[PDB]
Amino acid sequence: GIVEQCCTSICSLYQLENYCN
Amino acid sequence: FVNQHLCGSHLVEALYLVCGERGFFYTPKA
């Protein structure tokens with residue numbers, strides 16, 4: 001999930017946008 | 001502000017700034 005991709009590991013704009021509506 | 005470890009309120013803040021008027025969904029348990 002998002003915590004695994006952005007918190008535990010380094011985040012990226014590509015991944016963050018996957019969570020926008 | 002996006003390319004680092006973002007947790008808790010710090011992650012929520014990033015989603016807020018990036019998504020803008022589109023909004024977003026935050027799911028810690030996924």
# chains A, B, ... in the order shown; residues from 1 in each chain; ligands from 1

call {"tool": "closest_atom_pairs", "arguments": {"of": "chain B", "to": "chain A", "cutoff": "6 Å", "atoms": "only C-alpha atoms", "output": "CSV"}}
result
residue,atom,partner,partner_atom,distance
B:2,CA,A:12,CA,5.9
B:3,CA,A:12,CA,5.2
B:4,CA,A:10,CA,4.9
B:5,CA,A:7,CA,4.8
B:6,CA,A:7,CA,4.7
B:7,CA,A:7,CA,4.7
B:19,CA,A:20,CA,5.3
B:22,CA,A:21,CA,5.4
B:23,CA,A:21,CA,5.5
B:24,CA,A:20,CA,4.1
B:25,CA,A:19,CA,5.9
B:30,CA,A:1,CA,5.0

call {"tool": "write_last_selection", "arguments": {"atoms": "C-alpha atoms", "output": "mmCIF file, in the first residue's frame"}}
result
data_model
loop_
_atom_site.group_PDB
_atom_site.id
_atom_site.type_symbol
_atom_site.label_atom_id
_atom_site.label_comp_id
_atom_site.auth_asym_id
_atom_site.auth_seq_id
_atom_site.Cartn_x
_atom_site.Cartn_y
_atom_site.Cartn_z
ATOM 1 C CA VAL B 2 7.708 14.392 -2.537
ATOM 2 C CA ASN B 3 10.938 12.386 -2.866
ATOM 3 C CA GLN B 4 11.559 11.258 0.697
ATOM 4 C CA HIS B 5 10.056 9.088 3.445
ATOM 5 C CA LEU B 6 6.573 10.487 4.114
ATOM 6 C CA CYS B 7 4.688 9.077 7.078
ATOM 7 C CA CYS B 19 -3.884 16.046 -5.618
ATOM 8 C CA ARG B 22 -9.220 16.261 -7.152
ATOM 9 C CA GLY B 23 -8.890 15.130 -3.550
ATOM 10 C CA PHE B 24 -7.452 11.780 -2.500
ATOM 11 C CA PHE B 25 -7.907 8.644 -0.444
ATOM 12 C CA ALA B 30 -4.035 -1.834 2.307
#

call {"tool": "select_by_dssp", "arguments": {"residues": "chain A", "states": "alpha helix (DSSP H)", "output": "ChimeraX atom specification"}}
result
/A:2,13-16

call {"tool": "write_last_selection", "arguments": {"atoms": "N, CA, C and O atoms", "output": "PDB file, in the first residue's frame"}}
result
ATOM      1  N   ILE A   2       0.194   2.405   0.207  1.00  0.00           N
ATOM      2  CA  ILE A   2       0.872   3.697   0.200  1.00  0.00           C
ATOM      3  C   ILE A   2       1.936   3.847   1.285  1.00  0.00           C
ATOM      4  O   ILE A   2       2.952   4.504   1.067  1.00  0.00           O
ATOM      5  N   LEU A  13       6.380  11.111  -7.008  1.00  0.00           N
ATOM      6  CA  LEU A  13       5.169  11.775  -7.501  1.00  0.00           C
ATOM      7  C   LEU A  13       4.281  10.797  -8.283  1.00  0.00           C
ATOM      8  O   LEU A  13       3.049  10.854  -8.209  1.00  0.00           O
ATOM      9  N   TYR A  14       4.923   9.876  -8.997  1.00  0.00           N
ATOM     10  CA  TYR A  14       4.222   8.876  -9.783  1.00  0.00           C
ATOM     11  C   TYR A  14       3.300   8.058  -8.884  1.00  0.00           C
ATOM     12  O   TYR A  14       2.130   7.851  -9.212  1.00  0.00           O
ATOM     13  N   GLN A  15       3.835   7.589  -7.758  1.00  0.00           N
ATOM     14  CA  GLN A  15       3.057   6.794  -6.813  1.00  0.00           C
ATOM     15  C   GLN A  15       1.989   7.594  -6.071  1.00  0.00           C
ATOM     16  O   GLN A  15       0.872   7.119  -5.901  1.00  0.00           O
ATOM     17  N   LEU A  16       2.328   8.801  -5.631  1.00  0.00           N
ATOM     18  CA  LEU A  16       1.370   9.651  -4.927  1.00  0.00           C
ATOM     19  C   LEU A  16       0.118   9.904  -5.757  1.00  0.00           C
ATOM     20  O   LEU A  16      -0.994   9.824  -5.242  1.00  0.00           O
TER      21      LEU A  16
END
